[PDB]
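Here's the structure, in structure tokens; my notes come after.
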Amino acid sequence: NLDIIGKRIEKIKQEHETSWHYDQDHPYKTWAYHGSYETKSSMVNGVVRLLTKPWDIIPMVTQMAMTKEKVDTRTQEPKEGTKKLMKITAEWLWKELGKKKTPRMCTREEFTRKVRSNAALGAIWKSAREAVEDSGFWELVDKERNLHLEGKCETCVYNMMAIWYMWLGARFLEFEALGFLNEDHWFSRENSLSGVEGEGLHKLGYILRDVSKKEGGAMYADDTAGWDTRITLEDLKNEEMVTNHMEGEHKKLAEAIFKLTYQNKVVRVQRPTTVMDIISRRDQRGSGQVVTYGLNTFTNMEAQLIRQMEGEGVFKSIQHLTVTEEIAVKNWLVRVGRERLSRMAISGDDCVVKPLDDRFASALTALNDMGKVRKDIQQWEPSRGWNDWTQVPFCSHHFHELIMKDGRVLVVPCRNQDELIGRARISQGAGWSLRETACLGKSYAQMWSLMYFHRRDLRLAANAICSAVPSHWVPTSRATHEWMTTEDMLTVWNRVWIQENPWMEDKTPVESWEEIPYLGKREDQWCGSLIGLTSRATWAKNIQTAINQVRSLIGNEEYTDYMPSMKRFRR
Ligand SMILES: O=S1(=O)CCN(Cc2ccco2)CC1
Ligand SMILES: [Cl-]
Ligand SMILES: [Zn+2]
Ligand SMILES: [Zn+2]
């Protein structure tokens, strides 16, 4: 324990040995406190706001732009029968994910090419773009790397504000060892059967409708209360078994990431009473957001297969598994495992399960004992399922079935329109020029044109923003992002919804936006549309005046009018 984290702690001390003090009034109970040392928001996108004036008086939109007692919790060790179910399932799942994939190291080359097209996700030269073009950094990385091969760690200590930052070198070593899970699509639907990694928001609805076609009971979508805080050391150990599929240097590098950074963590914390606190713990999730996604999907897939086992009565008690209750679990996985993975859609901590029948709803003992406690339902109260795939929540959306005038079927993503408008009115960071603010507006607008075209207010506002931003300016931003392009949005729409759509047999291109349908007017209102309000009618009618206000601010540039794409403006 202390031999694994001592060097990291003993190092930090020496750099701040002029301010080192052990505070006896430290708030940490579940975290292990070591010492302290002296130490010391969302902006509005004006292009999007000026083109969404009716929403300036909608509190659900305007409040979105204004403005750690769970991270300090302790999970209990699972029973021996639980631990046995988890180890057997995890061993079988890594083998299945491994059947058509080859674990491999990710490279400095790959890591470099990622930072040079924006991929900063909790990091600590000025920027990471600079550090990667300087071999001094890479000598630091070499020093840490040879230390890992030696079963030791020096400079992999997280920074917590909960989001866990880590210095680029440690990030690199994590990417080198574990990047392959994301980079080679271990969690693709084709490869993992439950997964949706890389699927895209235009595919998730078709995937849920495919799950719905299976014979079985209700669709269950239970959210876990604080999934990252409920990751046990037993979970971390089952995740580590991916190294059993590796070899040579790779196996050793990955083993070190798991042992030294995941299973034996150390973290920096700002406390204003302002000291920096140095704390440690073994359990819970603390990795890069991208390795966190993949390992969340894995452990969630494992947990949901075990809950399906409990529902089907493959085992009777989590307290202890009989010898013949391991042969039967193993037989179940070999016999039906792949079929049961196909009954699920899993995106990290988020899941939809269509089990064999509704016994699943009251099968709670393994799920509770693994620590995956359901959010906003009493611990022993049976789950409430959905009868209609169009009502199931998944990845912050629901999905509509929308029939085109030509009879072809679209399955479209949707959420409350206040959420969509409120997010598009927000920018992250400082130093935004007018041009950069405009190009972020255009990214939102082209997303809305591709994903949310069926919402009357979003097609109109999308058209208005693309009319107000210079035609050739490139969309920016600091699933699959097909809207991030200067290509014509009708050509992109045809590629995504017709040409490349495996659920669409007839490949006849759509020739205008007028052939692309909306939700029913009543359904559009239910999902938050302002259609029918006086504020919205005056906005729609006078839209060219709003477009002209923004064009005057940006100045004398080349613009296109996209409003004639809509019938009411085609005049
Ligand atoms: O890593 S950072 O970009 C984000 C966190 N901040 C403050 C912080 C919290 C804990 C330790 O340090 C440092 C710079
Ligand atoms: Cl329902
Ligand atoms: Zn290290
Ligand atoms: Zn909807």
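Numbering starts at 1 and runs along the sequence shown. Note: hydrogens, waters and symmetry copies are ignored here, and every other heavy atom, side chains too, is used.
- At a threshold of 4.0 Å, the pair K114-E183 counts as salt-bridged, since one of the basic side-chain nitrogens sits closer than that to a carboxylate oxygen.
- Side-chain atoms of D223 never come within 3.5 Å of backbone atoms of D350 as a donor-acceptor pair (strictly under, hydrogens ignored).
- Shown here are the side-chain hydrogen bond (donor to acceptor under 3.5 Å, both in side chains) partners of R307, two or more places apart in sequence or in another chain: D222, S383.
- Electrostatic pairing of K372 and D235 counts as a salt bridge here, judged by a charged N lying under 4.0 Å from a carboxylate O.
- No hydrogens or angles considered: nothing links the side chains of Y444 and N45 as a donor-acceptor pair under 3.5 Å.
- Scanning all heavy atoms of the two residues, the minimum distance from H400 to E523 falls at ND1-OE2, 3.9 Å.
- Salt bridge present: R343 and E339 bring a charged side-chain N and a carboxylate O closer than 4.0 Å.
- Within 6.0 Å of the CZ atom in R522, the count of heavy atoms belonging to other residues, nucleotides or ligands does not exceed 12.
- Among pairs with a residue in residues 121-130, those fulfilling side chain to side chain donor-acceptor pair (under 3.5 Å) read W125-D134, at least two apart in sequence or across chains.
- Nearest approach of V352 to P393, heavy atoms of both residues: CG2-O, 3.8 Å.
- At a threshold of 4.0 Å, the pair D56-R425 counts as salt-bridged, since one of the basic side-chain nitrogens sits closer than that to a carboxylate oxygen.
- Between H397 and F399, the angle of the ring planes lies from 30° to 60°, which puts this pair in the tilted group.
- A side-chain donor-acceptor contact under 3.5 Å links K354 to the backbone of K214.
- Around the CZ atom of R74, the shell of radius 6.0 Å holds no more than 12 heavy atoms that belong to other residues, nucleotides or ligands.
- The environment of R340 atom CZ is dense: over 12 non-hydrogen atoms of other residues, nucleotides or ligands sit within 6.0 angstrom.
- Salt-bridge formation is detected for the pair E174/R171: a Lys NZ or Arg NE/NH1/NH2 atom is positioned less than 4.0 Å from an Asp or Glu carboxylate oxygen.
- Using the six-membered ring where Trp is involved, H202 and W497 have ring planes that are perpendicular, over 60° apart on the 30 and 60° scheme.
- At least one donor-acceptor pair under 3.5 Å links the side chain of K442 to the backbone N or O of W473.
- You'll find the side chain of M404 reaches within 4.5 Å of the side chain of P517, heavy atoms only.
- Closest of all the heavy-atom pairs between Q417 and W55 is NE2-CZ2, 3.7 Å.
- Using modelled atom types and a 3.5 Å distance limit, the side chains of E482 and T480 yield a donor-acceptor pair.
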